[PDB]
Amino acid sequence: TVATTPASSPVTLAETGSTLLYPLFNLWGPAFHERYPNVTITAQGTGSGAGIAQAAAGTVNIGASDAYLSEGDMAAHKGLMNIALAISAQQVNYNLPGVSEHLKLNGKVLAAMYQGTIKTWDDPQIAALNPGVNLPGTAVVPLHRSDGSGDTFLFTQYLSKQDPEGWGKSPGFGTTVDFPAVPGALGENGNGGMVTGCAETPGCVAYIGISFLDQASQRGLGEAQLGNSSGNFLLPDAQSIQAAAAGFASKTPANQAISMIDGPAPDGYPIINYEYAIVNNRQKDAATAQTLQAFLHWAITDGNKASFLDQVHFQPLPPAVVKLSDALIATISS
C-alpha cells in the first residue's frame, strides 16, 4: 500500500541528475512543498550519470535519470530501482539559419554525421531525404554531451537500433559513449550546454531533450523530423510521443527498465523514454520513507496533470504503468 500523504515532521528530499527532467522537477518540488511545507525538496540539473551515481552512493534521495539501470548497475547497488514518473522525448536540433524547413533525418544519416563520413550539410544522403530543400555547403559540426547523460543514452540507442551493423557495433550506446573524434566535434555539459553550443556555430547538430525545445527554438535552432522504423518522419508532439509509448504500455516489465526507442508504431516518434526516479529500497527512517513514497506517488498522479507536463512537452504515464510505479514506490521502507 503506497503512502499518499507525507510525514508531518520535517523531511528533506534531495534530488539531482537528469537535466531533461530538471525543469519539470523544479515545478513538482515547489508544488508539493506548498501543500506540505514540512517537506523540503531540493533539485539540480547534473545529468543522468550523476543522478544514478549519487542515488547509489546515498548523497541524494532521488537520482533523476532518462536511462533505466543496467543489469550491471543493479548488480552493483541492490535496493536501487528506477521508478517511471513520466514520458519524455528528445529532438535533434541544428544551426542552419538559411533553412526554414524541418529537415528530415534518420539514424543511419545521423550516425554517418557523428562518424564523420558525412561532413557537409548538402551531402546527397541528407539532401535525398529533403528533396526540394536548398541545403548549404556548411560543414557539419556534431555536438555530443561531455557529462554522463541520459540524452546520450537515448540518442545512441537510436543510432544503434537504426544502424545496428555500424553504430550499433561501435561505439554503441550508453550514458557515456566514445564518440568518434571527427574534426570539429565538441562536447558540452548538460542540455543547456548543447543548446548554447549548437546556437554558437552554424552547421552544428545536437541531440537535445524536449524540455529544452522551447529554448532551442528561441535561439533560432532548427528542429528535425526523425525517421521511425516504419519509414515515416515525425516531429515530437503530444500525439507522436503517445503513439510511440502506447505499444510499450503493456510490455513494460515490473521493474520498469525498458527501452522505448525506435518503436514499431507507424505514427510513433522514435526517441521517447520514461523519466525515472532512481531511489533505494531503504531510507534513513520511517518519516523519510513515507514522505518519499508520498512525493513519488503525488508526482505520478497530481504531477502528471497536463498543467505540469504540458509546460515541458512531456506525456503522462498510462494507467497500467502508474500501477507498476506505485508497486515499486510501495516497497520504499526503513
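All residue numbers are counted from 1 along the displayed sequence.
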Exercise. Between 235-243 and 181-189, point out the one with the higher average CA B-factor as the PDB entry records it.
Key: 181-189
Quiz prompt | Higher-B stretch (mean Cα B-factor, as the entry records it), 204-212 or 73-81 | solution = 73-81
Quiz prompt | Top residue by Cα temperature factor, when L154, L226, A111, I258 are compared in the entry | solution = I258
Practice problem: Kindly indicate the residue among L105, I87, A127, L96 with the greatest C-alpha B-factor in the PDB record. | Solution: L96
Quiz item: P37: which third of its chain by C-alpha temperature factor?
Solution: highest
Quiz item: Taking the C-alpha B-factors as the PDB entry records them, is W167 in the lowest, middle or highest third of its chain?
Solution: middle
Quiz item: By the record's CA B-factor, is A287 among the lowest, middle or highest third of residues in the chain?
Solution: middle
Quiz item: Taking the entry's C-alpha B-factors for this chain, is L317 in the lowest, middle or highest third?
Solution: middle
Quiz item: Taking the C-alpha B-factors as the PDB entry records them, is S160 in the lowest, middle or highest third of its chain?
Solution: middle
